[PDB]
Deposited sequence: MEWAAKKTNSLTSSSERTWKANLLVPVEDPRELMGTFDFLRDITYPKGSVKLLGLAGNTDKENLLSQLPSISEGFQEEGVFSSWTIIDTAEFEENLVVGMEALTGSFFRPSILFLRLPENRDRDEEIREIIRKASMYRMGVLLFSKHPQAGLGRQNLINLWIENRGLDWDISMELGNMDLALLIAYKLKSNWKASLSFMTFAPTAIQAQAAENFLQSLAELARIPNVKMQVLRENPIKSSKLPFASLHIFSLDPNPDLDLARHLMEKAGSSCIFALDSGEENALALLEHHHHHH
């Protein structure tokens, strides 16, 4: 599997702060397209250098300069070489952009694109990068049709591998019968995907409802096609660590890759 990211950049300093993480998602032979948006930040000077940096660190890369611009950005991707694309967005602390962000997210599916929405904890950042939780939504038999969790799983596996971190699958269930089915589903997923040393937790309570989350450097969730961005922010704050939210294009088949 190779992640090909479209990364809008307004501020090159934010990009520099995210470089290693973008690299960890895409290494090896994945790709990163830097889409520079407008030039007080002198993107013209910085983007080419950062793009060359990705190449030096084993990831393919390109850059261009200049919400309507994101649509054009994705539209331009259509027949490009670097295969299925994924839109990488940062979830800001300020809510001033939630509507555009939501609109961008809604639009990305139209262009056969997955979306990664990254909510980096302002104090912890990615911490020790040694523990990853993949949160699997209450469903429990395994069809290749995993529904909206293929990108989440692929990212979990990729970061497990690039960070050499421990990975846990987390879910929740209302009843004993459902809890058992969820346990069995998680064990089957790990077994099919051939991911070793995965720990499973089936929780009594939903992560949105609980007071605390089981600790991780990074929590991976699925992103609802019609997301509550405040819910996303709340999860990160409650976790006390970084969260990433993954919306499928609908074209990924994680198991067939893994």
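The deposited sequence has C-alpha coordinates everywhere except the stretches 1 to 18, 57 to 59, 88 to 92, 166 to 168, 288 to 294.
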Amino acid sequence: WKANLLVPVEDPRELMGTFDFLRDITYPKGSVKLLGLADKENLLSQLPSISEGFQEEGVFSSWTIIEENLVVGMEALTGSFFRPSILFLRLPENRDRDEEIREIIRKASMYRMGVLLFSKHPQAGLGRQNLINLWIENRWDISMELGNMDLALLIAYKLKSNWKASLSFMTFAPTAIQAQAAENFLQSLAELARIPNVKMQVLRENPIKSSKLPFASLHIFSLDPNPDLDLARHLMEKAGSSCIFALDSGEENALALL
From here on, numbers count along this sequence of modelled residues.
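For the segment pair 129 to 137 and 96 to 104, the entry gives 96 to 104 the higher mean B-factor, averaged over Cα atoms.
Judged by mean Cα B factor in the deposited record, 233 to 241 ranks above the other of 233 to 241 and 18 to 26. Per the PDB record, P227 has a higher Cα B-factor than any other of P48, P214, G58, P227. The entry lists C-alpha B-factors for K120, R112, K158, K164, and the highest of these is at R112. When the modelled residues of the chain are ordered by their C-alpha B factor, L77 lands in the highest third. Among all modelled residues in its chain, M144 ranks in the highest third by Cα B-factor. Per the deposited record, the Cα B-factor of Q201 falls in the middle third when ranked against the other modelled residues of its chain.
Residue-level temperature factors show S62 in the lowest third of its chain, judged at the C-alpha atom. Per the deposited record, the Cα B-factor of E52 falls in the lowest third when ranked against the other modelled residues of its chain.
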